[PDB]
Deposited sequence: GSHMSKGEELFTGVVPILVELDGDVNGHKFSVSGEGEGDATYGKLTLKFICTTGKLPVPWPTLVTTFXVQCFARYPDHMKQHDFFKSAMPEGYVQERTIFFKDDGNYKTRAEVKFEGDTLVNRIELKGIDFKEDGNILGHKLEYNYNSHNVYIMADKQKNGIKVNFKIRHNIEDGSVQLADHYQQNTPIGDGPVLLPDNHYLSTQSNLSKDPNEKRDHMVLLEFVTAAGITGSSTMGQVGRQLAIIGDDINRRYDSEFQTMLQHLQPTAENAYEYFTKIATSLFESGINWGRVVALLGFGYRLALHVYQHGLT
């Protein structure tokens, strides 16, 4: 584990600032909320302080603080985001919108007193005015995605990528390919993770009281893709219980089958093939494949002996 992990034991208040320029359109956004890393829960409201948002709100969702992800106990040595605190880290992204323009972003995430703050710059270029983005054709919703993470040892951080699918109004999808890197601000030791991912569920809503153009954003974030030793041990013990049952119930049967069949080494493969064929001609399912496997095994045991 790390020391920064300790800053996230409770609910942490969050502030966000963003300056944006997409195809020459400028805009600013301010955000507030709270993060609860213990339960991988994130609550945010954003207001555009410069008028109407010039791009659809959903395209800013990935841009609008992965240090709040819930890491299971067996994966806590892979939480780079919290290990880099409180000094913080820099988050850089390039987002390619298929058949359209791209965003580039730079963001500083660090503590300021008790508050986690995220200052962001965004420059978008090459967007078609008829396109999904500037044409405002995206639906006000969000799908779940996996955020895949790798260590970037030469840069003392992590490399990240994922592919967002934005629902479009006619029923189609607009892809946004995210390439991301996160670099520590402090000179202290951070944690480099094994490959894993963040599983992310997001929800977009409105504040009925809010006069400005805005977005209410709720996110659930959980680390996964690494399975602990306890689960592997557990599956192993299940298989053993199952294997002992299979053995007690069927071993002598498979043995007498081979006794009657009297295979030699020269006819084993042939016998096996023909047997597999009349078994499977009434159908194939998982258990039948397993019976054929146990038969194959006993067949090999049988020819190997003698």
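Worksheet entry | Deposited residues absent from the coordinates (by C-alpha) | Counting from residue 1, the stretches without coordinates are 1-3, 68, 311-313.
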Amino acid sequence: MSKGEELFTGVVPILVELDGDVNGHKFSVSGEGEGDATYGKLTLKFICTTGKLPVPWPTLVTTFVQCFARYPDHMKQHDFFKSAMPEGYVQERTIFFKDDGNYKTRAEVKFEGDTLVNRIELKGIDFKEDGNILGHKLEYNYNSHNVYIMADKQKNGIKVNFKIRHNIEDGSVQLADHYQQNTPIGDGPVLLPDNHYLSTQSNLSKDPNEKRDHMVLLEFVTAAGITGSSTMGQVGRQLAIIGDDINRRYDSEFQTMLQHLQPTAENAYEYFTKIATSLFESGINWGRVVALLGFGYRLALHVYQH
From here on, numbers count along this sequence of modelled residues.
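Margin query: Highest mean C-alpha temperature factor of the two stretches 171-179 and 131-139, which is it?
Written below: The stretch with the larger mean CA B-factor is 131-139.
* To do: Identify the stretch, either 196-204 or 100-108, whose C-alpha atoms have the larger mean B-factor according to the entry.
  => Comparing averages over the C-alpha atoms only gives 100-108.
Item to complete: Quick one: which of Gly40, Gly243, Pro263, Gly33 shows the highest Cα temperature factor in the PDB entry?
Response: Each of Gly40, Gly243, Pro263, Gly33 was compared by C-alpha B-factor; the highest is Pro263.
Taking the Cα B-factors listed in the entry, which of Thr115, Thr222, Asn209, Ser144 comes out highest? Result of the comparison over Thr115, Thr222, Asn209, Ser144: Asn209.
* With respect to C-alpha B-factor, does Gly24 fall in the lowest, middle or highest third of the chain as deposited? -> Top third by C-alpha B-factor.
query: Taking the C-alpha B-factors as the PDB entry records them, is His74 in the lowest, middle or highest third of its chain?
result: Within its chain, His74 is a highest-third residue by C-alpha B-factor, going by the deposited values.
Taking the chain's C-alpha temperature factors as the reference, tell me which third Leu53 falls into: lowest, middle or highest.
Highest third, going by the recorded CA B-factors of the chain.
* Can you work out whether the C-alpha temperature factor of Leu279 puts it in the lowest, middle or highest third of the chain? => It falls in the middle third of the chain.
Compared with the other modelled residues in the chain, in which third is the CA B-factor of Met1?
Ranked within chain, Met1 CA B lands in the highest tercile.
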